[PDB]
Amino acid sequence: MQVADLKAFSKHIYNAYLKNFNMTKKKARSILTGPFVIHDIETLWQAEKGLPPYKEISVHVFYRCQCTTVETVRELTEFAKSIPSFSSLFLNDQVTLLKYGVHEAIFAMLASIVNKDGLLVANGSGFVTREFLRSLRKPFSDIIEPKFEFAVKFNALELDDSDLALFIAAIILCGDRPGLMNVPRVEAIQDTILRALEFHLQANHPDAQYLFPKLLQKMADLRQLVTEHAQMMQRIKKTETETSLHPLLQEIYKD
Amino acid sequence: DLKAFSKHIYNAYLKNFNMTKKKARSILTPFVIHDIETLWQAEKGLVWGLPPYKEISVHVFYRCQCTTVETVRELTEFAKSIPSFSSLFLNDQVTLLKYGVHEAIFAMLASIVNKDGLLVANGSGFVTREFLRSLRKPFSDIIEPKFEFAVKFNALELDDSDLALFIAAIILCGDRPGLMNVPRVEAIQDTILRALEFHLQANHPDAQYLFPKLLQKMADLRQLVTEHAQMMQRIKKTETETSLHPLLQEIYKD
Ligand SMILES: Cc1cnc(-c2ccc(C(F)(F)F)cc2)n1Cc1ccccc1OCCC[C@@H](C)CC(=O)O
Ligand SMILES: Cc1cnc(-c2ccc(C(F)(F)F)cc2)n1Cc1ccccc1OCCC[C@@H](C)CC(=O)O
């Protein structure tokens with residue numbers, strides 16, 4: 170695959186990204202820099224004016249992280265389907281890739297609707313302050329704060345949508361997911377994306393130093409972020425018998 | 174939209190292939213090569234950069250080579266004229282020719298062939314199927330299979346205009362290894378097949394079941410070339426004096 174092929178590869182992947190996600194970084198930045212601030216119980220309740237029956241604040245906020253996560257999984261599945269060589273993989277490989285890398289994607293993208301004071305919710309019509317989310321009882325708060333920690337260090341790399349389209353595709357087409365059927369083919373496609381990614385960054389961030397290796401580490405940082413997250417998800421599955429989990433996320437944390 | 178599609182692709186054919194089925198039939202109906217004499221005579225009394238002569242079958246084998254290589258360049262130019270093949274990834278363009286040229290070359294073999302042999306030397310010579318059977322193994326086993334096929338496929342009584350489309354659907358197979366953009370190739374294929382489908386209806390009205398028989402024929406050729414690549418391996422191993430044009434080492438490497 171030539172430099173030109175990879176250039177055209179990026180217009181394709183970017184197009185899939187624009188067609189498919191409702192919230193780009195362009196739409197978010199412009200909103201953030203100038210929605211309803213949800214900073215406490217009065218504000219949440221107001222902002223509420234089909235989730236499980238409301239039990240308690242920390243828990244209902246938990247359920248809204250579920251309603252948002254679910255929505256994004258569907259977005260990425262579509263996004264994955266529009267990646268050039270993905271529709272043409274074993275379906276078992278298509279599911280395994282989604283099942284193991286969607287959460288890395290979600291948290292890489294969450295950085296985009298995040299800043300240091302909180303995040304945009306509800307298609308950018310709401311804003312939940314970092315503080316208020318810090319204030320829900322453990323173990324919910326302790327599942328939310330590390331993702332913020334990550335995001336703030338990641339928006340420092342100052343990436344745009346056309347860069348995130350490739351970063352994200354690189355994460356889904358990861359050929360180390362366990363139980364893959366055709367590992368070398370995935371590894372092919374992945375490598376073609378990290379190559380297209382390498383050239384894109386030369387064009388679009390030419391003074392930027394060391395960007396590519398910086399990005400590969402954050403890929404690794406994400407694996408453990410998800411590892412540390414999945415752990416906590418399991419701790420909720422056990423310590424919080426009353427609290428439920430959408431069956432779409434039941435089959436994700438299945439194995 | 175489909176009828177225009179056909180005329181275009183047919184023009185790419187006549188532009189790019191010197192020997193069409195039409196030329197080939199109206200001769201078949210040339211100097212016969214049937215033995216060592218006629219061949220050595222052909223080789224001195226027909227004019228058509235070869236390895237120093239080692240033996241007769243190896244020489245025949247390098248002739249096959251001389252020719253398959255030349256047709257691989259024709260199929261290459263020809264594809265540059267199948268609509269939107271040029272606007273695929275150049276690495277996909279390569280992957281399609283590499284894995285598809287031979288299926289193409291043997292579909293087209295049937296055009297210059299009959300039961301008794303093939304035309305050679307751009308129409309000047311005729312080589313009997315007997316003489317080619319005559320040669321020693323592995324060189325006999327490589328040849329005959331094509332002939333069966335060429336004969337049975339010929340009984341479908343296609344013309345060039347059908348061929349020019351069949352050819353393209355064969356190149357445009359989004360089922361090759363290492364294809365980045367599968368569903369784009371599948372879609373150009375789809376258009377080609379629909380065009381060949383309407384073409385057939387228009388060209389061969391009373392003919393029942395012609396199009397689906399064509400799709401098995403496209404299947405058949407993948408298997409044939411699978412056995413042909415198997416067989417070539419036998420020759421990279423056992424015919425160790427006997428070289429292979431670099432361009433073919435390229436296509437077979439994997
Ligand atoms: C990615 C995301 C996008 N929007 C939200 C989000 C919007 C509004 C509200 C609410 F308004 F309820 F506060 C809560 C959250 N999040 C969740 C989010 C953000 C920052 C830190 C941790 C987050 O969730 C971790 C827990 C998610 C799991 C329940 C489900 C799973 O893991 O699959
Ligand atoms: C397609 C074709 C067109 N013309 C010839 C041909 C013309 C003149 C003479 C002669 F007799 F002169 F040597 C031999 C052959 N052929 C070859 C052909 C015909 C019928 C059956 C098997 C055939 O080749 C299989 C072997 C091809 C490989 C060496 C290289 C490769 O696999 O790419």
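First to last, the sequence lines map onto chains A and B. FYI, the numbering for the first sequence is 170 to 203, 210 to 224, 234 to 439, going by the authors' numbering. FYI, the numbering for the second sequence is 174 to 202, 210 to 228, 234 to 439, going by the authors' numbering. We put the CB at the ideal spot given by N, CA and C, even for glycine.
Which residue's Cα is closest to the Cα of residue i: the options?
i               : options                        : result
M417 of chain A : A:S309, A:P323, A:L219         : A:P323
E262 of chain A : A:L381, A:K331, A:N184, A:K337 : A:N184
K331 of chain A : A:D344, A:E288, A:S346         : A:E288
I290 of chain A : A:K265, A:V254, A:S325         : A:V254
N339 of chain A : A:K300, A:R361, A:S199         : A:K300
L235 of chain B : B:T427, B:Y437, B:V298         : B:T427
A264 of chain A : A:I182, A:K194, A:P237         : A:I182
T256 of chain A : A:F246, A:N189, A:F274         : A:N189
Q221 of chain B : B:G302, B:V410, B:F311         : B:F311
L400 of chain B : B:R198, B:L226, B:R248, B:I377 : B:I377
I297 of chain B : B:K180, B:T193, B:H413, B:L343 : B:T193
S309 of chain B : B:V410, B:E424, B:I200, B:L432 : B:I200
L281 of chain A : A:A292, A:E342, A:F246, A:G363 : A:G363
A372 of chain B : B:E240, B:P268, B:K196, B:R248 : B:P268
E382 of chain B : B:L395, B:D391, B:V370         : B:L395
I436 of chain A : A:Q250, A:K180, A:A173         : A:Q250
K224 of chain A : A:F211, A:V243, A:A353         : A:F211
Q393 of chain B : B:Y238, B:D375, B:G285, B:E342 : B:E342
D405 of chain A : A:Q434, A:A292, A:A354         : A:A292
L409 of chain B : B:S272, B:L433, B:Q434, B:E333 : B:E333
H413 of chain A : A:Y284, A:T425, A:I355         : A:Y284
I328 of chain B : B:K337, B:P431, B:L303, B:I352 : B:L303
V227 of chain B : B:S271, B:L273, B:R248, B:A354 : B:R248
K180 of chain B : B:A349, B:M403, B:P237         : B:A349
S325 of chain B : B:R407, B:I420, B:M403         : B:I420
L219 of chain B : B:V305, B:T202, B:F178         : B:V305
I352 of chain B : B:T423, B:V286, B:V243, B:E424 : B:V286
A354 of chain B : B:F270, B:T423, B:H430, B:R198 : B:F270
Assuming residue i and residue j make a contact with CB atoms under 8 Å, what is their CB distance in whole Å?
i               : j               : result
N366 of chain B : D277 of chain B : 6 Å
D347 of chain A : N388 of chain A : 6 Å
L385 of chain A : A335 of chain A : Incorrect: roughly 20 Å between the Cβ atoms, too far for contact.
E240 of chain A : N191 of chain A : Contact doesn't hold; Cβ gap of about 29 Å is too wide.
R369 of chain A : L175 of chain A : Not really, about 18 Å apart at Cβ, beyond 8 Å.
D345 of chain B : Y186 of chain B : 6 Å
Per the DSSP calculation, residue i is bridged to which residue(s)?
i               : result
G310 of chain B : B:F211, B:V305
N299 of chain A : A:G302
Applying a beta-carbon distance threshold of less than 9 Å, which residues of chain B neighbour residue i?
i               : result
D174 of chain A : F274, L275, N276, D277, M365
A372 of chain A : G363, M365
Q171 of chain A : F274, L275, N276
Which chain B residues are close to residue i, counting only those with a beta carbon under 7 Å from its beta carbon?
i               : result
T376 of chain A : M365
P268 of chain A : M365, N366
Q386 of chain A : Going along chain B, no residue has its Cβ under 7 Å from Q386 of chain A, so there is no contact; the nearest lies around 20 Å.
Can you pull the chain A neighbours of residue i, defined as C-beta to C-beta under 7 Å?
i               : result
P368 of chain B : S271, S272
Just to confirm, does residue i get its C-beta within under 6 Å of one of the non-hydrogen atoms of ligand 4?
i               : result
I327 of chain B : Because ligand 4 does not appear in the structure shown, any question about it cannot be addressed here, the ligands present being ligand 1 and ligand 2.
Whose Cβ in chain B lies nearer than 8 Å to the Cβ of residue i?
i               : result
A177 of chain A : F274
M417 of chain A : By Cβ distance, chain B contributes nothing, its closest Cβ being about 35 Å from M417 of chain A, past 8 Å.
Subject >> Contact the region 212-224 of chain B vs the region 309-325 of chain B: 3+ CB pairs below 8 Å >> reply: yes
Original post:
Are three or more beta carbon pairs between the region 352-369 of chain B and the region 272-286 of chain B nearer than 8 Å?
Top reply: yes
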